[PDB]
Number of protein chains: 4
Amino acid sequence: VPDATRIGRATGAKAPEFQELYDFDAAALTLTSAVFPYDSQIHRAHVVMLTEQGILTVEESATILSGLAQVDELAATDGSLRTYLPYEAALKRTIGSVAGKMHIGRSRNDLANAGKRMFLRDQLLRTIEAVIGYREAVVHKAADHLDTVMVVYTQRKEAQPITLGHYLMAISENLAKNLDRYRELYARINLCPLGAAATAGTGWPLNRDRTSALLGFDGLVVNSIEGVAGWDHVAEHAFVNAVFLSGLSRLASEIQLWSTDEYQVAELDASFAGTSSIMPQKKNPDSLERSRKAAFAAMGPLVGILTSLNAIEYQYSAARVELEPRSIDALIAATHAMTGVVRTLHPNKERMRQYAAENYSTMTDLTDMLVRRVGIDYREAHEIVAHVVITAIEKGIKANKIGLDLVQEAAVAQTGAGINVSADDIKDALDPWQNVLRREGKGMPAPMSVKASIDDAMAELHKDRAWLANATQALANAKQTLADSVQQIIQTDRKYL
Amino acid sequence: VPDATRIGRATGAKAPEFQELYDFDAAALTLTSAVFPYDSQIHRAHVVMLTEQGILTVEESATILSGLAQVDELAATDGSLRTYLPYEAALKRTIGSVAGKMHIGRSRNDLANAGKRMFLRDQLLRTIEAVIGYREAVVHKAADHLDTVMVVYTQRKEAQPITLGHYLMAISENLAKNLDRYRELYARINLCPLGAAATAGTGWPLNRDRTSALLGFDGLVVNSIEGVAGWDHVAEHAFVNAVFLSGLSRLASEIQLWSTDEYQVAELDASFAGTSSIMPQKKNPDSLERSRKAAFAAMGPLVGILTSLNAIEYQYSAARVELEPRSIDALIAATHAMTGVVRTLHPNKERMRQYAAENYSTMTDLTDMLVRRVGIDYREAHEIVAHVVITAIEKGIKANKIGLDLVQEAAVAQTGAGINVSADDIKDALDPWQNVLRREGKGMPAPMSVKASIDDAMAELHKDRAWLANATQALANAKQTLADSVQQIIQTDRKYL
Amino acid sequence: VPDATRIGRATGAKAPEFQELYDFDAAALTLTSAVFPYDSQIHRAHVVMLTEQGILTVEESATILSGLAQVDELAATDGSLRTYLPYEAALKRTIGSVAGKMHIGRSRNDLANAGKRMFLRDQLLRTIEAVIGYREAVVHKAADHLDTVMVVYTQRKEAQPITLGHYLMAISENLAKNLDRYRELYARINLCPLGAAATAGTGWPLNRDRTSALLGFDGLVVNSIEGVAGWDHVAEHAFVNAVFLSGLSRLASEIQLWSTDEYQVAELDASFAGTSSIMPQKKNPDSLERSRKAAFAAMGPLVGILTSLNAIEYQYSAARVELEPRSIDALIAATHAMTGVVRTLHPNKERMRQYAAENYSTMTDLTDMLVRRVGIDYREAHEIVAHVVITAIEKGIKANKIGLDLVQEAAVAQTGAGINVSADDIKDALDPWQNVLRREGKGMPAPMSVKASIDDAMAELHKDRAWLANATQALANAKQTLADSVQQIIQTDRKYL
Amino acid sequence: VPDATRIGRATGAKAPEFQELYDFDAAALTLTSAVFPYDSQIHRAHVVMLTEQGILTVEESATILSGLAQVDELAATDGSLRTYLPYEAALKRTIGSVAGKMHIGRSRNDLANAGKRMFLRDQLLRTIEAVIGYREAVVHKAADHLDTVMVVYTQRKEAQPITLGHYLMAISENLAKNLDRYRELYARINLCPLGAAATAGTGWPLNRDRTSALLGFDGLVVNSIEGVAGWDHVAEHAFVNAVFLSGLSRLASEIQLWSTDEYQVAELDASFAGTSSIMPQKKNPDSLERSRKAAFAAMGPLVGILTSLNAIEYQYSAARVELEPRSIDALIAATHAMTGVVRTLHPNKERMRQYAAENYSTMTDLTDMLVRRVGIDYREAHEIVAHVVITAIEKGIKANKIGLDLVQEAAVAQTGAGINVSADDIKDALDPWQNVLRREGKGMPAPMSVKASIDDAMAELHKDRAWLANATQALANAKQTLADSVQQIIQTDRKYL
Ligand SMILES: O=C(O)C[C@H](NCCN[C@@H](CC(=O)O)C(=O)O)C(=O)O
Ligand SMILES: O=C(O)C[C@H](NCCN[C@@H](CC(=O)O)C(=O)O)C(=O)O
Ligand SMILES: O=C(O)C[C@H](NCCN[C@@H](CC(=O)O)C(=O)O)C(=O)O
């Protein structure tokens, strides 16, 4: 059965990234179902630690660990086993009273705080991976468009000429700092609260560093109150999502204006556009607007979480608002969609060049030229070029048809004095590509400086990938350490005891 | 004329920190008036750079710099000179057409972005200084209360025994990570956008690194669009303020509950409390509630700023919302007030000990004891102690009057089986100080572990102060470099030219 | 399998209202699945209108209507048919090309705006029903507690004596105005945008008033742009939810303080409390804190929706954020939970009376008494009673043990003058029940005035129920009109054509 | 000294409404200074009531009232007298101990709640007046543009043809419902809490209805707790401001796109545009973007206020966030600015008509035409017209140059079948003015239906003005009643006592 929205001008299939924006809502897990796999990992890690600490015998531990695998299997289909106390009771029904001993020195409070960290931890690595691929697509696009001259806007008005690659590298610098945020946050998520128990620790001699290590954490939440009352990392995760998505919404809005029927300087790839059921001419930026929607929605969890922390004491509280999987899924779907929008965007290079040459964004360089040459104050040159533009628009003269006559008229009419400049001097000031080439300092649109930025961004992207690989592998290693420590306790009880 | 609110039970004067909460609103500068001193610094730094770059002569530059000092003096009383173009025109009226040349290679867009960074930069150091003193007061208080036994709450219900010092060190760990946020943000605020001009750079050969260095920045905002469109640091500044203040509100709320007529476990210092004009018995937590008010209000700028970024393209925009001085002033006033609240808080140590011994927070250790000794599942011990508590409350027996009889009744009535434990075994489980001493792992309330936390926090506080001192001095040095470079250009033109 | 959380002090089953707070998240529909039943109603209403307008023949219409029933049945299990274009294509696969004619003069834009209104419309009536039952429970509780003397707090400090019924009638007045909000909003939701088509109307001669009427609306969204661009009713719905829930959170917080181990003036019904897996003494206010959580979370949709409207033009937009079913379900679950909390709350009337008599909330009436009798300024009487309290607390004298001696000491020590008042005059001022009875003006706690409020609230509740019944029946009538008009078109084509 | 921003293309002076956006921040009062005039009115009204109730003698009252006038005069310059207790003490210093008697039966809590209502009350009438003039300007503009054909957009893409007047009447309908919100809110602000005293009423026999009436209120906040704890009207005021401004931001954004260099379909009046200090071509929409800024900022108070209510109990609290004067001033400045933007907007009627005729917004009517004539399903006609557009764009044929050949090609190439339609049949479908005229149902762009909307809006505007006039006069009357009652008490004590 075909995608019924792919009709008329909406040709082909939705891009996969584009379809993600339609799928994430229905597919999102509840927080309970997203967190409960991490609970099972904590039960094993905690039990292993109790066995290493002699709080449980190798035989008690082996019994418990074999039962966890059993109840985990029941929980795959019995949703009622995905919260702790029902899970513990099922373990009791499976292996007997020894079940209860897995909760020695532990509470639901530090179990939940830890388990949710492990969830957000994986979702932070998932996010960094998405943002990295988004930066990768932006920089790779920029490298193909060092010569694609076009205007930059301020206040939605044409400002000066630049290049598409220069613009995209603004986004790259935006994302580099957002990746810094996500990495700095990871250092605060990946702290282990286990061992705080309810909020006050316990008399049982737990090895907190061992449980943290077996679960992939890079350190402890030390104080036990902070272990169960700490929630700022949830707030912060919501914020970084919000602010990163605000930049994604601004790129989305920028491309949507580029691709208006009126600008006509870029077109969405067919695979990232839809159409109307009533208006056959529509090529609709559904991917852009659903991506912006995610950015706006991301405000919600941020405010909900912060409101809830402002509402309580510095205690464990069940009143605290969570960052939900469906919010993070929205972020990933939008980042993926915009990664593909950027990769496949089709700029109309000739119309871009047309505006830059015709619609007066080169007037700064005409002004700079009078100052640099005839050496008048920037404020008097400005009034002349301003009158040049006023007169040009009245007479219907595009900026690239402005000549020595008009600049002389304006100079005379505004100062009673002509100006010593050549027709060539003027034509060169109004050449939008020359406007670009003159702008060659750091971070300016001249190809040589943009390419420099690209080289630096490509080196940072390598650092970005290496950081992610390390973080990811550090978790895979602990997770395999834990799995092995579990098979040991179990397999020896079976064979030699 | 005396403070008319200091009547009846509101004895003495408001503490200075307490009074700050009443003064910051009326005293707050507008953003314009707060930023315009930093504009004047940029004019000099920019001019100095133009002179070093030979874009201005030592004589042109000296003229301009002497005029800046003149217009700066006019602006001290003429508020209309605190935005750029009126300021530039006054400079023109002062020194002539050469005035206009200070704007060579520059825009209002990168001037404003840079100037607001310099403002927030100083306000970030001001904030870190306040938070540091807040952490200093919290840790110093904790060190005096390692023996002050009291209950910790979860869900506003007594949970287990701890100490006041253990609690305060939860706050210390909260603030350590908030100081990390503020420091990580400083690295993104202290980037120089100057040289981006409108958004596209310029053909003038500016030395961007020189202007950044003369203005105290630690690096550039490289890409020129990012220089004027970048606003995430404003968003982030608002967030860190919001989340830090959320923790301050939770401490404020905690102390307000401690100091209810019903808890009666702490009392605000007279200098941090008010009273009623109608109810003479009132000792009102005005300092706490006005501090919470600041935390709630801090939500506003955060949402306003993020909404505005979600509303635009990735351009310069005058639609962007700012972080205002009056919001930061509120944060400082509240941090100062709560620093003083904590320093001067008066805990009722006997009532604290009373609750911990009488109101059943020791029941965990009774349960742990049955498991550790008679070696029953935690879930069956739990039902017995739960019935102990149920029976205890019915009969009016406080937890420290619970004895072997009652635990035997409960065990029998719940399992038909007695339990091998001594009267001493039970009295020791219900001793709340022994509850503390047994909780001696990392981050738990036992004095030895809390003291450990304190030693670590004191070492971190030293690192905190050293980071602040370095940041502050790095700005004082650039500011004196700049001042000297200005007096040079001026004094030599006068004497040798 | 029993509820594994019902252990120790958590006796019996969760109340149904209490369990609702655990069930709503997993059970919540997506917006798509919640809205698509209303889409099917619009297809019939629209078709019926086209048939009445002769845009379709009784035979074309009958074919279409019979097919809608068929595809509706397919959609019960095929989730992909719950968005329009896939639904339309299935109708085509069912009845042929005539399927497409149901979209004559219509768009997805006005279909969606209308369908979401019909969804929120039903959810508004559902909400008003919940709030009504919440007000019913509050007033009914108040009527049973006109004599339950207790203190009112300001700033979490005991202020003056009142009654529990007086307090609950503050909530009643809060809810009356929230019901006004919900009713005023209903008048703006129940406007029909159908006939706006994409945004500009259509050349087809639709009878817009007929479609509105067949779908239960009470009027049109007239202008066609406003029909598809209008979203303020979604914003407003989110706000009213937010502000109503803020009051519910304040009652929840109030009861949670009443029921602290320290206040001890109210206890949650066993069926609305939980306990700890580690701490057997816990009677945990899980119902209160999960209700507050809903209130905080309700901030999110409000901010998301408003951000999205601030981000666009006054057009149809797919970037707009929605009010989701899971948010409304949270509101209903919390309103139900707190309805049951209030109905079943157990106040400790003796401890309430104890505080009112012992903890100095009667000092206002002692002050008022000196002014009313010995006729001194309220400010000098205030200083004396304030010193009475200061001295009383030092010496350990509860307010009901304050006598003529102490008031004489304070008067002398503060003014060198005694005061002509009797031991009876003083004992009467400090009688907290007499404090209540003297407060007998409108809205004050004296039984006679509270009962007055109750009578008025009971009359308003009758108006509240009657408004709801009318609104609900007006929709049931249109829905049966529509069903009948459909069976007519279908059954006559079958028999007489 | 001239406005230094009025240079180059920024000709003439800023419009007054435009300048308002630059002035409101520095000029905004603090809440304290904005509310304290209303405090003085309450002192008189309260005293008058006490005198009518015989709680004060005509001589005591006359003394007090004469002193209020004296301290009010001191407060004009002594800012420390603008909070109650300092004010009361100054009254004591002026007229003696009788000063204190003005606080009989009263608190700072119900004084402040009432005084802030009186402030917001006046600011609500001020807002309704601004919004009315904004609607007046929108409707009056629409009446001049029934023939100004132009395209409507959905998703920032051209949708169908309409008229500028049709668009503006969408805004009118938006504002009508926002005026309903403001009026419904006024009924909840204009309730008098005075007589609640601290929260529990008083034993003094106050006539609450008299004080309410003397102060212009239309009813009581009955319950005394609700009188000091009630804050939802503050929340709601913030929301209505937020949602109304969200619509103003959407109009602002719409006009800013119209007036891009690329759309070129409208131009801001010179008096509502600025320019660049560096780019002489800029005509900058500073008025639009500063108006949007206000809309975004208005999110802040809304979230702050709601967070604070979610953070407390249902008590008086000093933690509650306020709606500040500077926020309301921003709203008024933005509403005024956009009122003037709309009044003076210059549409380019020829370019508007050009797009409507050339850029394919008429394709719906071509599709509708094939269905209405050759009588094919809307879905097959849609594919043909879609291919017409695809082919048209490839060959460079504007929609008004589409002819019978191209529609035949598309029909054949898509169905192997030609189509019986005339060249005239097609040219008429593609005539954008005929597209308008055919859209003549309710709320559609045809002149006759828009004019209908205008007539209805003009009648509503009359109702809007009459409601405002009544509300305003009802306050002026009470205020003069009060002034007269004061001069009576004073002038008779002087002459006959
Ligand atoms: O004073 C009373 O009549 C009643 C009393 N008011 C509590 C709040 N007092 C301060 C708060 C502040 O200084 O921020 C205020 O009235 O502004 C009470 O309820 O105890
Ligand atoms: O059901 C809920 O929403 C809350 C529930 N209990 C919260 C409190 N936990 C225990 C500690 C414990 O059970 O180990 C405590 O602090 O009293 C939950 O854990 O989800
Ligand atoms: O008045 C305002 O709110 C905005 C005003 N101008 C914004 C745009 N700036 C220029 C560049 C320039 O002037 O150097 C541009 O981008 O067109 C302001 O600068 O505050």
# chains A, B, ... in the order shown; residues from 1 in each chain; ligands from 1
>>> interface_residues(of="chain C", to="chain D", cutoff="6 Å", atoms="only C-alpha atoms", output="PyMOL selection string")
chain C and resi 97+100+154-155+170+200-203+222-226+246+249-251+253-254+309-310+312-317+377-378+438-439+443-444
>>> write_last_selection(atoms="N, CA and C atoms", output="compact mmCIF listing (two decimals), in the first residue's frame")
# COMPACT_ATOMS: atom_id res chain seq x y z
N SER C 97 -13.88 5.81 -7.31
CA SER C 97 -13.43 7.19 -7.47
C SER C 97 -14.35 8.18 -6.78
N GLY C 100 -13.18 10.35 -3.66
CA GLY C 100 -12.54 11.65 -3.69
C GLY C 100 -13.49 12.82 -3.53
N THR C 154 -0.06 31.95 57.13
CA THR C 154 0.51 32.82 56.11
C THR C 154 2.02 32.66 56.17
N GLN C 155 2.64 32.50 55.01
CA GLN C 155 4.07 32.26 54.90
C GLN C 155 4.49 31.03 55.70
N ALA C 170 -12.34 28.38 50.68
CA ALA C 170 -11.42 29.13 49.84
C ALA C 170 -11.16 28.39 48.55
N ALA C 200 -8.71 30.01 2.44
CA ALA C 200 -9.32 31.05 1.61
C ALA C 200 -10.76 30.74 1.23
N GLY C 201 -11.39 29.75 1.86
CA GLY C 201 -12.71 29.35 1.43
C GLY C 201 -12.65 28.54 0.14
N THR C 202 -13.74 28.60 -0.62
CA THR C 202 -13.86 27.81 -1.84
C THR C 202 -14.95 28.41 -2.71
N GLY C 203 -14.91 28.05 -4.00
CA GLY C 203 -15.98 28.42 -4.91
C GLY C 203 -17.20 27.52 -4.81
N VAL C 222 -15.59 32.54 11.52
CA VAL C 222 -16.11 33.14 10.30
C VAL C 222 -14.99 33.24 9.27
N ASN C 223 -14.07 34.18 9.46
CA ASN C 223 -13.00 34.38 8.50
C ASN C 223 -12.24 33.08 8.26
N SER C 224 -11.93 32.81 6.99
CA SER C 224 -11.38 31.51 6.61
C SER C 224 -9.92 31.36 7.02
N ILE C 225 -9.16 32.45 7.03
CA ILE C 225 -7.79 32.39 7.55
C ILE C 225 -7.83 32.06 9.03
N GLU C 226 -8.66 32.78 9.79
CA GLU C 226 -8.80 32.49 11.21
C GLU C 226 -9.24 31.06 11.45
N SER C 246 -2.37 24.61 39.21
CA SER C 246 -1.53 25.30 40.19
C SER C 246 -2.26 25.42 41.52
N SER C 249 -2.17 21.99 43.07
CA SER C 249 -0.87 21.75 43.68
C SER C 249 -0.75 22.46 45.02
N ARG C 250 -1.39 23.62 45.16
CA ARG C 250 -1.29 24.36 46.42
C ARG C 250 -2.12 23.69 47.51
N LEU C 251 -3.28 23.13 47.15
CA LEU C 251 -4.00 22.31 48.11
C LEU C 251 -3.22 21.05 48.45
N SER C 253 0.01 20.61 48.35
CA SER C 253 1.11 21.00 49.22
C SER C 253 0.62 21.31 50.63
N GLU C 254 -0.54 21.96 50.74
CA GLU C 254 -1.10 22.28 52.05
C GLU C 254 -1.37 21.02 52.85
N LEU C 309 3.34 29.63 18.45
CA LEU C 309 2.57 30.72 17.85
C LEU C 309 3.43 31.97 17.69
N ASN C 310 4.31 32.24 18.66
CA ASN C 310 5.25 33.34 18.56
C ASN C 310 6.29 33.15 17.46
N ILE C 312 5.75 31.99 14.17
CA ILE C 312 5.22 31.84 12.82
C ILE C 312 4.52 33.12 12.37
N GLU C 313 3.87 33.05 11.21
CA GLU C 313 2.99 34.10 10.72
C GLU C 313 1.56 33.74 11.09
N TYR C 314 0.61 34.59 10.68
CA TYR C 314 -0.80 34.30 10.95
C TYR C 314 -1.37 33.49 9.79
N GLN C 315 -0.85 32.27 9.69
CA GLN C 315 -1.17 31.34 8.62
C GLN C 315 -1.49 29.99 9.22
N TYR C 316 -2.04 29.10 8.40
CA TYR C 316 -1.92 27.69 8.73
C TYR C 316 -0.44 27.36 8.84
N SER C 317 -0.10 26.50 9.79
CA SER C 317 1.28 26.08 9.97
C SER C 317 1.27 24.69 10.60
N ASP C 377 -3.52 52.90 70.64
CA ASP C 377 -3.24 52.69 69.23
C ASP C 377 -2.88 51.23 68.98
N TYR C 378 -3.24 50.75 67.78
CA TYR C 378 -2.96 49.36 67.46
C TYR C 378 -1.47 49.09 67.50
N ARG C 438 -15.98 35.42 66.62
CA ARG C 438 -15.93 36.86 66.39
C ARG C 438 -15.73 37.19 64.92
N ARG C 439 -15.08 36.30 64.17
CA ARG C 439 -14.81 36.51 62.75
C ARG C 439 -16.01 35.99 61.96
N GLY C 443 -17.30 35.74 54.36
CA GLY C 443 -16.10 35.00 54.02
C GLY C 443 -15.16 34.72 55.16
N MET C 444 -15.58 34.96 56.40
CA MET C 444 -14.77 34.72 57.58
C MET C 444 -15.16 33.38 58.21
>>> residues_around(residues="residue D:34", least_positions_apart="6", cutoff="12 Å", atoms="only C-alpha atoms", output="list in words")
residues 26 of chain B; 27, 28, 40, 76, 79, 82, 83, 115, 116, 117, 118, 119, 120, 122, 123, 323, 324, 325, 326, 328 and 329 of chain D
>>> closest_residue(among="B:381, B:321, B:74, B:341", to="ligand 3", atoms="only C-alpha atoms and all ligand atoms")
B:321
>>> select_by_dssp(residues="stretch 122-322 of chain D", states="strand (DSSP E or B)", output="PDB file with N, CA and C atoms, in the first residue's frame")
ATOM      1  N   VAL D 149      -6.006  42.537  -4.464  1.00  0.00           N
ATOM      2  CA  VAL D 149      -5.807  41.103  -4.606  1.00  0.00           C
ATOM      3  C   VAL D 149      -4.364  40.757  -4.267  1.00  0.00           C
ATOM      4  N   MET D 150      -4.182  39.609  -3.626  1.00  0.00           N
ATOM      5  CA  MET D 150      -2.879  39.128  -3.195  1.00  0.00           C
ATOM      6  C   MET D 150      -3.061  37.679  -2.774  1.00  0.00           C
ATOM      7  N   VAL D 151      -1.951  36.980  -2.609  1.00  0.00           N
ATOM      8  CA  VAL D 151      -2.002  35.576  -2.226  1.00  0.00           C
ATOM      9  C   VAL D 151      -1.998  35.453  -0.711  1.00  0.00           C
ATOM     10  N   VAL D 152      -2.711  34.448  -0.231  1.00  0.00           N
ATOM     11  CA  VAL D 152      -2.587  33.967   1.138  1.00  0.00           C
ATOM     12  C   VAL D 152      -1.568  32.837   1.139  1.00  0.00           C
ATOM     13  N   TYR D 153      -0.834  32.699   2.241  1.00  0.00           N
ATOM     14  CA  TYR D 153       0.149  31.636   2.385  1.00  0.00           C
ATOM     15  C   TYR D 153      -0.312  30.613   3.411  1.00  0.00           C
ATOM     16  N   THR D 154       0.037  29.357   3.157  1.00  0.00           N
ATOM     17  CA  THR D 154       0.086  28.330   4.184  1.00  0.00           C
ATOM     18  C   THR D 154       1.477  27.720   4.163  1.00  0.00           C
ATOM     19  N   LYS D 157       4.138  29.289   1.966  1.00  0.00           N
ATOM     20  CA  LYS D 157       4.057  29.016   0.540  1.00  0.00           C
ATOM     21  C   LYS D 157       2.738  29.559   0.015  1.00  0.00           C
ATOM     22  N   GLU D 158       2.761  30.107  -1.197  1.00  0.00           N
ATOM     23  CA  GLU D 158       1.549  30.681  -1.763  1.00  0.00           C
ATOM     24  C   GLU D 158       0.476  29.607  -1.903  1.00  0.00           C
ATOM     25  N   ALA D 159      -0.720  29.911  -1.401  1.00  0.00           N
ATOM     26  CA  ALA D 159      -1.811  28.947  -1.329  1.00  0.00           C
ATOM     27  C   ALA D 159      -2.898  29.282  -2.344  1.00  0.00           C
ATOM     28  N   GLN D 160      -3.632  30.369  -2.140  1.00  0.00           N
ATOM     29  CA  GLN D 160      -4.718  30.754  -3.024  1.00  0.00           C
ATOM     30  C   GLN D 160      -4.812  32.272  -3.019  1.00  0.00           C
ATOM     31  N   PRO D 161      -5.549  32.857  -3.932  1.00  0.00           N
ATOM     32  CA  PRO D 161      -5.690  34.299  -3.913  1.00  0.00           C
ATOM     33  C   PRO D 161      -6.746  34.773  -2.934  1.00  0.00           C
ATOM     34  N   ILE D 162      -6.513  35.948  -2.397  1.00  0.00           N
ATOM     35  CA  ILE D 162      -7.393  36.591  -1.456  1.00  0.00           C
ATOM     36  C   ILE D 162      -7.218  38.085  -1.620  1.00  0.00           C
ATOM     37  N   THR D 163      -7.526  38.853  -0.606  1.00  0.00           N
ATOM     38  CA  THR D 163      -7.314  40.270  -0.644  1.00  0.00           C
ATOM     39  C   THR D 163      -6.692  40.674   0.647  1.00  0.00           C
ATOM     40  N   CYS D 192     -13.159  42.721  45.206  1.00  0.00           N
ATOM     41  CA  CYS D 192     -12.493  43.381  46.321  1.00  0.00           C
ATOM     42  C   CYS D 192     -12.137  42.361  47.393  1.00  0.00           C
ATOM     43  N   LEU D 220     -17.164  41.221  45.625  1.00  0.00           N
ATOM     44  CA  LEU D 220     -16.175  40.835  46.619  1.00  0.00           C
ATOM     45  C   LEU D 220     -15.451  39.566  46.199  1.00  0.00           C
ATOM     46  N   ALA D 266       4.849  44.569   0.273  1.00  0.00           N
ATOM     47  CA  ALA D 266       4.492  45.685   1.136  1.00  0.00           C
ATOM     48  C   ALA D 266       5.770  46.347   1.621  1.00  0.00           C
ATOM     49  N   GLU D 267       5.653  47.624   1.971  1.00  0.00           N
ATOM     50  CA  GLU D 267       6.767  48.405   2.482  1.00  0.00           C
ATOM     51  C   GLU D 267       6.322  49.120   3.746  1.00  0.00           C
ATOM     52  N   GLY D 274      13.937  51.720  10.294  1.00  0.00           N
ATOM     53  CA  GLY D 274      15.241  52.293  10.563  1.00  0.00           C
ATOM     54  C   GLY D 274      16.217  51.932   9.465  1.00  0.00           C
ATOM     55  N   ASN D 284      15.181  49.004   7.698  1.00  0.00           N
ATOM     56  CA  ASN D 284      15.151  47.926   8.681  1.00  0.00           C
ATOM     57  C   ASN D 284      13.822  47.890   9.416  1.00  0.00           C
TER      58      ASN D 284
END
>>> atom_distance(atom1="atom CA of residue A:19", atom2="atom CA of residue C:81")
16.2 Å
>>> residues_around(residues="residue A:413", least_positions_apart="3", cutoff="12 Å", atoms="only C-alpha atoms", output="number ranges by chain")
A: 383-385, 387-388, 391, 405-410, 416-419
>>> write_last_selection(atoms="N, CA and C atoms", output="short mmCIF file (atom, residue, chain, number, x, y, z; two decimals), in the first residue's frame")
data_model
loop_
_atom_site.label_atom_id
_atom_site.label_comp_id
_atom_site.auth_asym_id
_atom_site.auth_seq_id
_atom_site.Cartn_x
_atom_site.Cartn_y
_atom_site.Cartn_z
N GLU A 383 25.64 58.76 3.50
CA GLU A 383 24.49 59.52 3.01
C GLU A 383 24.45 59.52 1.49
N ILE A 384 25.62 59.58 0.84
CA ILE A 384 25.65 59.59 -0.62
C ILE A 384 25.17 58.25 -1.16
N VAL A 385 25.77 57.15 -0.70
CA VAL A 385 25.37 55.83 -1.18
C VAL A 385 23.90 55.58 -0.85
N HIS A 387 21.58 57.83 -0.81
CA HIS A 387 20.82 58.55 -1.84
C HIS A 387 20.97 57.87 -3.20
N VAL A 388 22.15 57.31 -3.48
CA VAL A 388 22.31 56.47 -4.66
C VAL A 388 21.23 55.39 -4.69
N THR A 391 17.68 56.90 -5.14
CA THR A 391 17.51 57.27 -6.54
C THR A 391 17.45 56.04 -7.43
N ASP A 405 27.78 58.17 -13.22
CA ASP A 405 26.81 59.26 -13.25
C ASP A 405 26.02 59.32 -11.95
N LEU A 406 25.36 58.21 -11.59
CA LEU A 406 24.47 58.22 -10.43
C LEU A 406 25.23 58.56 -9.15
N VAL A 407 26.43 58.01 -8.99
CA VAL A 407 27.21 58.32 -7.79
C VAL A 407 27.63 59.79 -7.80
N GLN A 408 27.88 60.35 -8.98
CA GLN A 408 28.20 61.78 -9.07
C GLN A 408 26.98 62.63 -8.73
N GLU A 409 25.83 62.33 -9.34
CA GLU A 409 24.60 63.04 -8.98
C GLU A 409 24.41 63.06 -7.47
N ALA A 410 24.44 61.88 -6.85
CA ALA A 410 24.19 61.78 -5.42
C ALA A 410 25.21 62.60 -4.63
N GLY A 416 27.24 69.16 -2.87
CA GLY A 416 27.69 70.17 -3.81
C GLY A 416 29.07 69.89 -4.37
N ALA A 417 29.61 68.70 -4.08
CA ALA A 417 30.95 68.33 -4.49
C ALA A 417 30.91 66.99 -5.20
N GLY A 418 31.58 66.90 -6.35
CA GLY A 418 31.80 65.63 -7.00
C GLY A 418 32.84 64.82 -6.26
N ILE A 419 33.18 63.67 -6.84
CA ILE A 419 34.04 62.70 -6.16
C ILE A 419 34.94 62.03 -7.19
#
>>> residues_around(residues="residue B:488", least_positions_apart="6", cutoff="12 Å", atoms="only C-alpha atoms", output="JSON, numbers by chain")
{"B": [48, 51, 58, 59, 61, 62, 65, 66, 481, 482, 494, 495, 496]}
>>> select_by_dssp(residues="stretch 349-469 of chain B", states="helix (DSSP H, G or I)", output="PyMOL selection string")
chain B and resi 349-358+363-372+378-395+399-401+404-415+423-429+432-438+447-469
